[PDB]
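One chain is shown next in structure tokens, namely the form deposited in one PDB entry.
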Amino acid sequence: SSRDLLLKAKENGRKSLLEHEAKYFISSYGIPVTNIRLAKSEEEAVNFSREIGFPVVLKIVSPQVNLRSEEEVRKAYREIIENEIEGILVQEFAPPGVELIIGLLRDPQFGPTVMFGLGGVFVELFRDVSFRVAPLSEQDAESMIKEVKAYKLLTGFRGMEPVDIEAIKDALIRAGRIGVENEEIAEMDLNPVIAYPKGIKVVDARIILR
């Protein structure tokens, strides 16, 4: 079970899932993610990087970029080490698109609640956000999407085609389900999420435990 990830984290006295564990957990609920592998050795990092295809990104994995070949990656591995580790994350490249935030929080009154908004300044600065209490219906997901002021950024504008609204609705509904079913999850942040004319991809995921 994917719940083994949560149990393992709890057993290790951790308050959060590591980056790769979070993506695995999100993936098992049917939410698409950028492909990743956890490298425990240089031989594994090279092995995995070549496996999923270039270019890849490397970042540290510990409770405490733009690589194209094994030759280039061998440098980055040691560079990252130099610049108490669980390992190094090898991440697939994410083509640019329209950025989204899908959140999950727990309200004292209403319990698990889903948050939606567009990325960059629109959430971070303008706080242009919508909320729906989980579990989410299709009607809940659609309406909360149409509700935000920056909605029009999803329906086509200068130099950007319309994105897959259905894919977004689908992810929102599944985010709600994660919150309803997993009591030990206090908070979840899918940010950034990239919307394309077809499908979406969670690039970064944060899950907090309680």
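Sequential numbering from 1, following the sequence displayed. Think of the rigid core as the biggest set of C-alphas that the two forms share within 1.5 Å after superposition.
What comes next is about the form deposited in another entry, which is not displayed.
For the residue set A76, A94, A134, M115, core-aligned C-alpha shifts between this form and the one not shown reach 2 angstroms or more at a single site, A76. In a rigid-core overlay of the protein, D170 has its C-alpha displaced by under 2 Å between this form and the one not shown. Comparing the forms between this form and the one not shown on their rigid core, the Cα displacement of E43 reaches 2 Å or more.
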